[PDB]
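Heads up, the chain below is alone and in the form deposited in one PDB entry; it's given as structure tokens.
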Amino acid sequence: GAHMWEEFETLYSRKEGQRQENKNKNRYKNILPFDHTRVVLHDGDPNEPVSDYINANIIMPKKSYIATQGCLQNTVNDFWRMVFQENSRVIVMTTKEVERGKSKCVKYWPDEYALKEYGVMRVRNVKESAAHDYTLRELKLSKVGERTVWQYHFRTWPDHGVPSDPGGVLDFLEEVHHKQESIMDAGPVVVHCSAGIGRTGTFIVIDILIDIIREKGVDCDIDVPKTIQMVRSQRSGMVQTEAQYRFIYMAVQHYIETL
């Protein structure tokens, strides 16, 4: 069940992220990907001494995730290299571009009915669908030298705290779940927020727990702290605040109530 038995307060090398060549690829100087789960980018420009780095980790709980930060202007091209290489077909964006006057993510997609080239990658935005809690962008990604990538852009997360009820997040996650399952052998679902750890960890942990309930039923063994620790062994500090922690339990409880 989804009861909170333990309080929030009860809750590996990062050498590549620490290298001088990669300093400007990190949004926050001290939030870095673990070496053992980082996404290693291949096929980089041979003129660049270091072309294999993005601040992102694979999260393996079948479904896997890439937890990453919001793009910086100088990491947009690497973000698309990552999506292409990993065969990702769904992107979950959990922030506005700007929140309370601070940039959280550079716009890395073209406007509806436009195409842009980001380095070696070509992205066409063929249709946007604007729901109460999110916008869905149907993107087409190809190497300049094609696959559909569905970007689910959550709109309603408050600029302070967490949503006071999880209905919007649950509806969003359910659409993401069906979309991912509709695409044969799709790669990891990309999930991002500013730093790629707070909102990103909250969405990923909820989704992991809901997927357990899908396979094992409403009465299955749930252990939220254990699940958070497991994700934290793959990217530092996933789930940042006590409100996020309480929100996870509330979302799973509500999910269970739908069944």
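All residue numbers are counted from 1 along the displayed sequence.
In what follows, reference is made to the form solved in complex with a partner chain, a form of this protein that is not presented.
Shown alone here, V231 lies farther than 4.5 Å from its partner chain in the deposited bound form, counting heavy atoms only.
Of the heavy atoms in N30, some are within 4.5 Å of its partner chain in the deposited bound form.
Under a 4.5 angstroms non-hydrogen atom cutoff, its partner chain in the deposited bound form lacks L41 among its neighbouring residues. Interface residue remark: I197 is counted as part of the site for its partner chain in the deposited bound form, having a heavy atom within 4.5 Å.
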